[PDB]
Structure formats: C-alpha cells, structure tokens
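Respectively, the protein sequence lines represent chains R and W.
In terms of the authors' numbering, the first sequence opens at residue 7 and continues consecutively.
In terms of the authors' numbering, the second sequence opens at residue 254 and continues consecutively.
Every residue, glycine too, gets a C-beta built ideally from N, C-alpha and C.
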Amino acid sequence: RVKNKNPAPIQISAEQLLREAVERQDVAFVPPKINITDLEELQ
Amino acid sequence: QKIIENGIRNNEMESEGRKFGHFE
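Here it is in structure tokens:
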C-alpha cells in the first residue's frame, strides 16, 4: 500500500552514511604487467 | 648480463603464466 508511515526499526545514521559512501572504492587498479622479452625494451 | 637474462626468462614465463594460470 506504499503508505507504511511506521517508523523504521533501523534509522539512518551519519556514520552509516560515511561508511557506505567510502564503500564505493575498490582495490588498486591492476594493470597487466609488461613482459620484457628482449634486451631493447629492458633498456 | 645475468640480471638482464634473469629478467628476460622471468618475463617469458610470466607471459606464458597467463596460459598457466588461465583457469586456476
């Protein structure tokens, strides 16, 4: 009936906001490492 | 010479390590 004015059992908290905002980050970008197969690219 | 060579060999085995660790 989408009219559930009943106060939520879990109220939104500020620390929750900052935590779930930070959660948007992931691991450091992983690039496929370059393979030095010969001497010139090593140089 | 040896440090360069060891770098080279590591590089081909890691280039082929993609096939080695393709499915794991």
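Short Cβ contact (8 Å threshold) for residue i with residue j
| i | j | result |
| --- | --- | --- |
| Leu45(R) | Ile256(W) | no |
| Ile42(R) | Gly260(W) | yes |
| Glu267(W) | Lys39(R) | yes |
Contacts that residue i makes with chain W (C-beta to C-beta distance below 8 Å)
| i | result |
| --- | --- |
| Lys39(R) | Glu267 |
Partners in chain R for residue i, counting only beta-carbon separations shorter than 8 Å
| i | result |
| --- | --- |
| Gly274(W) | The contacting residues do not exist; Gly274(W) stays about 12 Å from chain R at best. |
Where residue i meets chain W, residues with beta-carbon distance less than 9 Å
| i | result |
| --- | --- |
| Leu23(R) | What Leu23(R) touches in chain W: nothing, since even the nearest Cβ is about 38 Å away. |
| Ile18(R) | The premise fails here: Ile18(R) is roughly 41 Å from chain W at the closest Cβ pair, so nothing lies under 9 Å. |
Within chain R, the residues that residue i reaches when beta carbons sit closer than 7 Å
| i | result |
| --- | --- |
| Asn264(W) | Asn41, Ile42 and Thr43 |
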